[PDB]
Amino acid sequence: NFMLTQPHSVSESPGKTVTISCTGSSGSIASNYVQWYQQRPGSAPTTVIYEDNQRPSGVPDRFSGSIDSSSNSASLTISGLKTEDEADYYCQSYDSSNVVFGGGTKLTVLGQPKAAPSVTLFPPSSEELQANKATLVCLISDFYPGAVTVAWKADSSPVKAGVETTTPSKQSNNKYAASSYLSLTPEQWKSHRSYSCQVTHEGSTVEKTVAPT
Amino acid sequence: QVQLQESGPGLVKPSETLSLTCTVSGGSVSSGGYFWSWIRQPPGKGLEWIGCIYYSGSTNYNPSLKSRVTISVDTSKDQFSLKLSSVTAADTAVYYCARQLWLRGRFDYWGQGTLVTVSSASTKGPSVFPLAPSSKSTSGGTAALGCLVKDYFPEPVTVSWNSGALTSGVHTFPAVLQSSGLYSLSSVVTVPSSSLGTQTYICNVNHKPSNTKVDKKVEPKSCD
Amino acid sequence: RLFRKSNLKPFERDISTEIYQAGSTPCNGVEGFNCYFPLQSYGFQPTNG
Amino acid sequence: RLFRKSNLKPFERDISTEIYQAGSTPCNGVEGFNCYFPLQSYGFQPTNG
């Protein structure tokens, strides 16, 4: 029942010094070796320090670890923060034939230009109609800030059932992109004269419409 | 030096058997007195230790994962494999086979993490539908066209335009959960309106988990 | 506030935006090296822990 | 230059146009309270003494 207590979020400005704790509940930290791991998002972890006071060959001198067995908290002193240091930190122990890791500490620093929400619409295809399905796709792209609200409209009638939208996502040109889908039956597609998707962004509204043709 | 490579499928159904094999190139499993271990990491969560093994029959397991982990070492093929039983939906984690020497020490070399998201026993092929551009689908001198990837399971799907020839203006959107279980997304490209009736645009939607490759041509809408 | 010349009496408010000498520089009692006003801005964020 | 954060080594140049902080509070590097622009114009005049 030995676990390593690690702070969830630690955030400081670059260039200063920080302290990351690793606290053991039952077993003392001086009983077993503690290994710290620094892992990029979407990448394999890499050992940043081991044996509690000495460094691996490859990392800078700033990654220093200390052991305070009185409070049962293992400390990792990191000084002079940079851009590449913004990553997950995990501490390891061994207990007794059962390797136990830490909770995890990541650093987050806390930038896009404004843009115009170009919106395009498509009607359901004939191949989809032959499959007894219909879907109206609403697309929001090249916009900033990434906070848009979607509202489908039937024949002058709001639509909420079957509405699926996507959270705004960063593009390659530093803008946001978004989507909205309206699952619909083939007979309801031809029941109304027109279907329109309205996009509200920063007060302004961009509206397009489609019709069964 | 030495490197570690994982294999095996990226999927497993609920209440089934997982089979992930990690291979060794550039070194020997039996030589050096070297141990072997597996580590998983859920997305957004901390690392979790599964178990460790020796080149002999010595092994040890996490008591949370006890009586469920079966790991074996075959020296002839110079690799080691882990078998997991009674897998659930909470076992969705990025699995790392871990080259490590000191049992109380460190995982000095890490293999690349294979994504194994446990499916919801609903794996199925995608339904690709064309998105026909029209006069109301363009705003100015540029037009938009794409393909709709709807009703597929599980993640992910790779969509490419003209076998990767068209990359500029191509936007890939994250998927969203539908009203009933399944996923849906789309991939679109912005092109000038002059090249609508003179250029052919074909989207290539690939679904490796369902082993389905669908090529759908995109044409302007024909009014009927 | 981060800095002070010495201790302060309890139940006393200090609004001094006057130079604090970390070492010893007069710097016209306005600003310069080794002389800063003690006031400091925070680092609040709704996405904190 | 009238204001500087720290003492400077001999034989160098200071060109940094960042708003010097008269107080420890950051101002996002803008001419606000407790933070003033370290560069100033001269007062040269042909009719001086």
# chains A, B, ... in the order shown; residues from 1 in each chain; ligands from 1
>>> calpha_fit_rmsd(fixed="chain D", moving="chain C")
1.1 Å
>>> closest_atom_pairs(of="chain A", to="chain C", cutoff="12 Å", atoms="only C-alpha atoms", output="tab-separated table")
residue	atom	partner	partner_atom	distance
A:7	CA	C:49	CA	9.0
A:8	CA	C:49	CA	7.1
A:9	CA	C:49	CA	5.9
A:10	CA	C:49	CA	8.3
A:11	CA	C:48	CA	8.7
A:12	CA	C:43	CA	8.8
A:13	CA	C:43	CA	9.6
A:105	CA	C:49	CA	11.1
A:106	CA	C:49	CA	11.5
A:107	CA	C:48	CA	11.1
A:108	CA	C:48	CA	10.0
A:109	CA	C:45	CA	11.1
A:110	CA	C:45	CA	8.1
>>> atom_distance(atom1="CA of residue 184 in chain A", atom2="CA of residue 147 in chain B")
17.1 Å
>>> residues_around(residues="range 12-21 of chain D", least_positions_apart="3", cutoff="7 Å", atoms="only C-alpha atoms", output="CSV table (one decimal) with N, CA, C and O atoms, in the first residue's frame")
chain,number,residue,atom,x,y,z
D,3,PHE,N,17.6,54.1,-16.7
D,3,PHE,CA,17.2,53.0,-15.8
D,3,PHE,C,17.8,51.7,-16.3
D,3,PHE,O,17.9,51.4,-17.5
D,4,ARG,N,18.1,50.8,-15.3
D,4,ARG,CA,18.7,49.5,-15.6
D,4,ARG,C,18.4,48.5,-14.5
D,4,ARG,O,18.3,48.9,-13.3
D,5,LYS,N,18.1,47.3,-14.9
D,5,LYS,CA,17.8,46.3,-13.9
D,5,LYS,C,18.9,45.9,-12.9
D,5,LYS,O,18.8,45.9,-11.7
D,9,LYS,N,28.6,44.6,-16.9
D,9,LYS,CA,30.0,44.3,-17.1
D,9,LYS,C,30.6,45.4,-18.0
D,9,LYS,O,29.9,46.0,-18.8
D,24,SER,N,8.5,45.8,-8.5
D,24,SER,CA,8.7,44.4,-8.8
D,24,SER,C,7.5,43.8,-9.6
D,24,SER,O,7.6,42.8,-10.2
D,26,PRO,N,5.1,43.1,-12.5
D,26,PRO,CA,5.2,43.2,-14.0
D,26,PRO,C,4.0,44.0,-14.5
D,26,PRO,O,3.0,44.1,-13.9
D,29,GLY,N,5.4,44.5,-19.6
D,29,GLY,CA,6.3,45.4,-20.3
D,29,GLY,C,5.7,46.6,-21.0
D,29,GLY,O,6.0,46.8,-22.2
D,30,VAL,N,4.9,47.3,-20.2
D,30,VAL,CA,4.2,48.5,-20.7
D,30,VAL,C,4.5,49.6,-19.7
D,30,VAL,O,4.8,49.4,-18.6
D,31,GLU,N,4.3,50.9,-20.2
D,31,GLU,CA,4.5,52.1,-19.4
D,31,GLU,C,3.3,52.3,-18.4
D,31,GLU,O,2.5,53.1,-18.7
D,34,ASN,N,4.7,51.7,-11.5
D,34,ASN,CA,5.8,51.0,-11.0
D,34,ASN,C,6.7,50.4,-12.1
D,34,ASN,O,7.4,49.4,-11.8
D,35,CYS,N,6.6,51.0,-13.3
D,35,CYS,CA,7.3,50.4,-14.4
D,35,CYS,C,7.4,51.5,-15.5
D,35,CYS,O,6.4,52.0,-16.0
D,36,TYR,N,8.6,51.9,-15.8
D,36,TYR,CA,8.8,53.1,-16.7
D,36,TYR,C,9.9,52.8,-17.8
D,36,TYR,O,10.8,51.9,-17.6
D,37,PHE,N,9.8,53.5,-18.9
D,37,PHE,CA,10.6,53.2,-20.1
D,37,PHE,C,12.0,53.7,-19.8
D,37,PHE,O,12.2,54.9,-19.5
D,38,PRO,N,13.0,52.9,-20.0
D,38,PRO,CA,14.4,53.2,-19.5
D,38,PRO,C,15.2,54.2,-20.4
D,38,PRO,O,16.2,54.7,-20.0
>>> residues_around(residues="residue 21 in chain A", least_positions_apart="5", cutoff="12 Å", atoms="only C-alpha atoms", output="list in words")
residues 4, 5, 6, 7, 8, 9, 10, 29, 34, 36, 65, 66, 67, 68, 71, 72, 73, 74, 75, 76, 77, 78, 89, 90, 91, 102, 103, 104 and 105 of chain A
>>> residues_around(residues="residue 121 in chain A", least_positions_apart="2", cutoff="8 Å", atoms="only C-alpha atoms", output="PDB file with C-alpha atoms, in the first residue's frame")
ATOM      1  CA  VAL A 119     -18.751  28.699 -43.503  1.00  0.00           C
ATOM      2  CA  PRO A 123     -26.682  18.681 -48.903  1.00  0.00           C
ATOM      3  CA  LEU A 136     -26.255  17.721 -43.245  1.00  0.00           C
ATOM      4  CA  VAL A 137     -22.671  18.862 -42.623  1.00  0.00           C
ATOM      5  CA  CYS A 138     -21.916  22.366 -41.335  1.00  0.00           C
ATOM      6  CA  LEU A 139     -18.281  23.465 -41.441  1.00  0.00           C
ATOM      7  CA  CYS A 197     -27.020  26.320 -40.754  1.00  0.00           C
ATOM      8  CA  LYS A 208     -25.953  29.625 -45.785  1.00  0.00           C
ATOM      9  CA  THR A 209     -28.824  27.455 -47.000  1.00  0.00           C
ATOM     10  CA  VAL A 210     -29.326  24.268 -49.014  1.00  0.00           C
TER      11      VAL A 210
ATOM     12  CA  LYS B 136     -24.286  27.923 -52.364  1.00  0.00           C
ATOM     13  CA  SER B 137     -21.204  26.022 -51.128  1.00  0.00           C
TER      14      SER B 137
END
>>> closest_atom_pairs(of="chain A", to="chain B", cutoff="8 Å", atoms="only C-alpha atoms", output="JSON lines")
{"residue": "A:32", "atom": "CA", "partner": "B:104", "partner_atom": "CA", "distance": 7.3}
{"residue": "A:33", "atom": "CA", "partner": "B:104", "partner_atom": "CA", "distance": 6.4}
{"residue": "A:34", "atom": "CA", "partner": "B:105", "partner_atom": "CA", "distance": 7.6}
{"residue": "A:35", "atom": "CA", "partner": "B:106", "partner_atom": "CA", "distance": 6.3}
{"residue": "A:43", "atom": "CA", "partner": "B:112", "partner_atom": "CA", "distance": 7.2}
{"residue": "A:44", "atom": "CA", "partner": "B:112", "partner_atom": "CA", "distance": 5.7}
{"residue": "A:45", "atom": "CA", "partner": "B:110", "partner_atom": "CA", "distance": 6.6}
{"residue": "A:46", "atom": "CA", "partner": "B:110", "partner_atom": "CA", "distance": 7.2}
{"residue": "A:47", "atom": "CA", "partner": "B:108", "partner_atom": "CA", "distance": 6.4}
{"residue": "A:50", "atom": "CA", "partner": "B:106", "partner_atom": "CA", "distance": 7.2}
{"residue": "A:51", "atom": "CA", "partner": "B:105", "partner_atom": "CA", "distance": 7.7}
{"residue": "A:90", "atom": "CA", "partner": "B:46", "partner_atom": "CA", "distance": 7.3}
{"residue": "A:93", "atom": "CA", "partner": "B:104", "partner_atom": "CA", "distance": 7.1}
{"residue": "A:94", "atom": "CA", "partner": "B:104", "partner_atom": "CA", "distance": 5.6}
{"residue": "A:97", "atom": "CA", "partner": "B:60", "partner_atom": "CA", "distance": 6.8}
{"residue": "A:98", "atom": "CA", "partner": "B:62", "partner_atom": "CA", "distance": 6.0}
{"residue": "A:99", "atom": "CA", "partner": "B:49", "partner_atom": "CA", "distance": 6.2}
{"residue": "A:100", "atom": "CA", "partner": "B:49", "partner_atom": "CA", "distance": 6.7}
{"residue": "A:101", "atom": "CA", "partner": "B:47", "partner_atom": "CA", "distance": 6.4}
{"residue": "A:102", "atom": "CA", "partner": "B:46", "partner_atom": "CA", "distance": 7.0}
{"residue": "A:103", "atom": "CA", "partner": "B:46", "partner_atom": "CA", "distance": 5.6}
{"residue": "A:104", "atom": "CA", "partner": "B:46", "partner_atom": "CA", "distance": 5.6}
{"residue": "A:118", "atom": "CA", "partner": "B:139", "partner_atom": "CA", "distance": 7.9}
{"residue": "A:120", "atom": "CA", "partner": "B:137", "partner_atom": "CA", "distance": 5.1}
{"residue": "A:121", "atom": "CA", "partner": "B:137", "partner_atom": "CA", "distance": 5.3}
{"residue": "A:122", "atom": "CA", "partner": "B:131", "partner_atom": "CA", "distance": 5.9}
{"residue": "A:123", "atom": "CA", "partner": "B:131", "partner_atom": "CA", "distance": 7.3}
{"residue": "A:124", "atom": "CA", "partner": "B:131", "partner_atom": "CA", "distance": 7.3}
{"residue": "A:125", "atom": "CA", "partner": "B:130", "partner_atom": "CA", "distance": 6.2}
{"residue": "A:127", "atom": "CA", "partner": "B:129", "partner_atom": "CA", "distance": 6.8}
{"residue": "A:128", "atom": "CA", "partner": "B:129", "partner_atom": "CA", "distance": 6.1}
{"residue": "A:162", "atom": "CA", "partner": "B:179", "partner_atom": "CA", "distance": 6.9}
{"residue": "A:164", "atom": "CA", "partner": "B:178", "partner_atom": "CA", "distance": 6.6}
{"residue": "A:165", "atom": "CA", "partner": "B:176", "partner_atom": "CA", "distance": 7.3}
{"residue": "A:166", "atom": "CA", "partner": "B:176", "partner_atom": "CA", "distance": 6.2}
{"residue": "A:169", "atom": "CA", "partner": "B:173", "partner_atom": "CA", "distance": 7.5}
{"residue": "A:171", "atom": "CA", "partner": "B:171", "partner_atom": "CA", "distance": 7.4}
{"residue": "A:177", "atom": "CA", "partner": "B:173", "partner_atom": "CA", "distance": 7.5}
{"residue": "A:178", "atom": "CA", "partner": "B:173", "partner_atom": "CA", "distance": 7.1}
{"residue": "A:179", "atom": "CA", "partner": "B:173", "partner_atom": "CA", "distance": 7.3}
{"residue": "A:208", "atom": "CA", "partner": "B:136", "partner_atom": "CA", "distance": 7.0}
{"residue": "A:209", "atom": "CA", "partner": "B:136", "partner_atom": "CA", "distance": 7.0}
{"residue": "A:210", "atom": "CA", "partner": "B:136", "partner_atom": "CA", "distance": 7.1}
{"residue": "A:213", "atom": "CA", "partner": "B:223", "partner_atom": "CA", "distance": 5.0}
>>> residues_around(residues="residue 26 in chain A", least_positions_apart="5", cutoff="8 Å", atoms="only C-alpha atoms", output="list in words")
residues 1, 2 and 3 of chain A
>>> select_by_dssp(residues="range 7-198 of chain B", states="helix (DSSP H, G or I)", output="JSON, numbers by chain")
{"B": [31, 32, 33, 89, 90, 91, 193, 194, 195]}
>>> write_last_selection(atoms="N, CA and C atoms", output="PDB file, in the first residue's frame")
ATOM      1  N   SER B  31      21.717 -12.603 -22.657  1.00  0.00           N
ATOM      2  CA  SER B  31      23.027 -12.107 -22.265  1.00  0.00           C
ATOM      3  C   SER B  31      22.903 -10.819 -21.458  1.00  0.00           C
ATOM      4  N   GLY B  32      23.924 -10.563 -20.643  1.00  0.00           N
ATOM      5  CA  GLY B  32      23.983  -9.366 -19.835  1.00  0.00           C
ATOM      6  C   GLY B  32      23.252  -9.437 -18.513  1.00  0.00           C
ATOM      7  N   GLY B  33      22.558 -10.535 -18.227  1.00  0.00           N
ATOM      8  CA  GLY B  33      21.760 -10.607 -17.006  1.00  0.00           C
ATOM      9  C   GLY B  33      20.674  -9.558 -16.951  1.00  0.00           C
ATOM     10  N   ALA B  89     -12.939  -1.937 -20.531  1.00  0.00           N
ATOM     11  CA  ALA B  89     -12.876  -0.626 -21.164  1.00  0.00           C
ATOM     12  C   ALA B  89     -11.993   0.349 -20.397  1.00  0.00           C
ATOM     13  N   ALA B  90     -11.647   0.037 -19.149  1.00  0.00           N
ATOM     14  CA  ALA B  90     -10.764   0.884 -18.359  1.00  0.00           C
ATOM     15  C   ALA B  90      -9.289   0.592 -18.602  1.00  0.00           C
ATOM     16  N   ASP B  91      -8.971  -0.382 -19.451  1.00  0.00           N
ATOM     17  CA  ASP B  91      -7.595  -0.755 -19.744  1.00  0.00           C
ATOM     18  C   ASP B  91      -7.029  -0.019 -20.952  1.00  0.00           C
ATOM     19  N   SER B 193     -12.889  27.838 -57.604  1.00  0.00           N
ATOM     20  CA  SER B 193     -14.104  27.399 -58.282  1.00  0.00           C
ATOM     21  C   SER B 193     -13.883  27.120 -59.764  1.00  0.00           C
ATOM     22  N   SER B 194     -12.782  27.605 -60.341  1.00  0.00           N
ATOM     23  CA  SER B 194     -12.513  27.350 -61.753  1.00  0.00           C
ATOM     24  C   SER B 194     -12.146  25.893 -62.004  1.00  0.00           C
ATOM     25  N   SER B 195     -11.524  25.231 -61.026  1.00  0.00           N
ATOM     26  CA  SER B 195     -11.096  23.844 -61.160  1.00  0.00           C
ATOM     27  C   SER B 195     -12.136  22.852 -60.652  1.00  0.00           C
TER      28      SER B 195
END
>>> closest_residue(among="C:23, C:32, C:10, C:46", to="chain D", atoms="only C-alpha atoms")
C:32
>>> select_by_dssp(residues="range 9-69 of chain B", states="strand (DSSP E or B)", output="NGL selection string")
:B and (18-25 or 35-41 or 48-53 or 59-61 or 69)
>>> residues_around(residues="residue 42 in chain D", least_positions_apart="3", cutoff="12 Å", atoms="only C-alpha atoms", output="number ranges by chain")
D: 1-2, 39, 45
>>> atom_distance(atom1="CA of residue 40 in chain D", atom2="CA of residue 25 in chain C")
20.9 Å
>>> decode(residues="range 54-65 of chain A", atoms="N, CA, C and O atoms", output="compact mmCIF listing (two decimals), in the first residue's frame")
# COMPACT_ATOMS: atom_id res chain seq x y z
N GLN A 54 22.59 12.17 -8.73
CA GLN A 54 23.53 12.17 -9.84
C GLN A 54 22.75 12.19 -11.15
O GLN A 54 21.58 11.80 -11.19
N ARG A 55 23.41 12.62 -12.22
CA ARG A 55 22.71 12.87 -13.47
C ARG A 55 23.11 11.86 -14.54
O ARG A 55 24.24 11.38 -14.55
N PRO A 56 22.19 11.52 -15.44
CA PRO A 56 22.57 10.81 -16.66
C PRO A 56 23.31 11.73 -17.63
O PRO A 56 23.17 12.95 -17.59
N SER A 57 24.11 11.12 -18.50
CA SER A 57 24.86 11.87 -19.49
C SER A 57 23.93 12.28 -20.63
O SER A 57 23.42 11.42 -21.36
N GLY A 58 23.71 13.58 -20.79
CA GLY A 58 22.86 14.08 -21.86
C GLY A 58 21.95 15.21 -21.44
O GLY A 58 21.61 16.08 -22.26
N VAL A 59 21.54 15.23 -20.17
CA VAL A 59 20.66 16.27 -19.65
C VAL A 59 21.51 17.37 -19.03
O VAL A 59 22.65 17.10 -18.60
N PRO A 60 21.04 18.61 -18.97
CA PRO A 60 21.85 19.69 -18.41
C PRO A 60 22.00 19.57 -16.90
O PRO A 60 21.38 18.74 -16.24
N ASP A 61 22.85 20.44 -16.35
CA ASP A 61 23.16 20.43 -14.92
C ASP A 61 22.01 20.90 -14.05
O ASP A 61 22.07 20.75 -12.82
N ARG A 62 20.95 21.45 -14.65
CA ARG A 62 19.88 22.07 -13.87
C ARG A 62 18.99 21.04 -13.18
O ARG A 62 18.36 21.36 -12.17
N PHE A 63 18.92 19.82 -13.71
CA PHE A 63 18.08 18.78 -13.12
C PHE A 63 18.80 18.18 -11.92
O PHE A 63 19.64 17.29 -12.06
N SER A 64 18.46 18.66 -10.73
CA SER A 64 19.07 18.21 -9.49
C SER A 64 18.00 17.64 -8.57
O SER A 64 16.91 18.20 -8.44
N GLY A 65 18.32 16.52 -7.93
CA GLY A 65 17.41 15.86 -7.01
C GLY A 65 17.96 15.82 -5.60
O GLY A 65 19.18 15.73 -5.40
